[PDB]
C-alpha cells in the first residue's frame, strides 16, 4: 500500500514506489567521527530565526509538522556549507518506542532518543515545490535529542499534542520560537543527502549539529502518545518513525570543528 514504518510498508519497502531509495545519496547516514574530517574551509553557520512566524501544527500520519510562513526572509539558514539563503518551511521529529533508539543519523553507531529536522528551501528557486527537485534546493538542520532535563522551548509543542492525536488533525500554532530548540554549540557535520521520507529526493544539504539538546522523559512520552492511525481506526502508536542509516557510497562527511 502507501508508505509508513510498519513491517509491511516500512523503509525496506519504500524502493518499490520510490526507486531513489536505493540511490547514491540517501539519508540518514552513520557519522564515523574518525573519518568525518575537520574542514577549515567551512564558513561558519548563520541560523537566523528571530522573525520566524509559525502557522500550524498537524499530524500527517508519519510525524507531526510545525509549519511556518516562508513568504519572506523571516527565519533563514545561511553560511556553513550553503551558497545563498534557505527559508525555514517546517520542523518535525523522529523518535523511538524506547530511549535507546529514535534518531535517524547515528554518531559512531550511537542512536539518540529522537531527532529534530528543521527543513529549509533555497531562495534561488522561488518556492518549496521547485527547490525540492534540485540537488541544491534544500538544507535540513538536524538536532539530536537525549533524555535528561526539560527543554523549555519544547513545552509549547508538547502542550498542544493532545489536540492532534490522530492522522489528519491540525491546530493553529502561532508565535512559536524555534530558537528555543537549539543547543549552545553550532558545531556541525555536513554532507549531501536526501529527504528521509518518501519521495526521498536527493536534494538536501544536511547540517547535523554535534551537541544534542536535552528533553525530559515526560516530553518524549507525549510524542509517544500520538497515533499513526486516523480517528475511529485501531490504535497504532506513533513511535519508531525513523529510517535507519543508509550506505554512505562515494560521499564525504565534513566536520566544522576540530
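Positions refer to the first chain, counted from 1.
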| Do the C-alpha atoms of 89 to 97 or of 158 to 166 have the higher average B factor in the entry? | 158 to 166
| remark: Between 211 to 219 and 228 to 236, the record assigns the higher mean Cα B factor to 228 to 236
| field | From 45, 55, 201, 29, residue of greatest CA B-factor | value | 45
| query | From 71, 103, 122, 185, which pick has the Cα B-factor that tops the rest in the entry? | reply | 71
| said: Test of reading the entry: by CA B factor among the chain's modelled residues, which third contains residue 110? | reply: middle
| Sorting the chain's CA B-factors, does residue 126 end up in the lowest, middle or highest third? | highest
| remark: For residue 205, the third of its chain by CA B-factor is the lowest
| note | Among the modelled residues of its chain, the C-alpha B-factor of residue 1 falls in the third labelled highest
| What third of its chain's C-alpha B-factors does residue 60 belong to: lowest, middle or highest? | highest
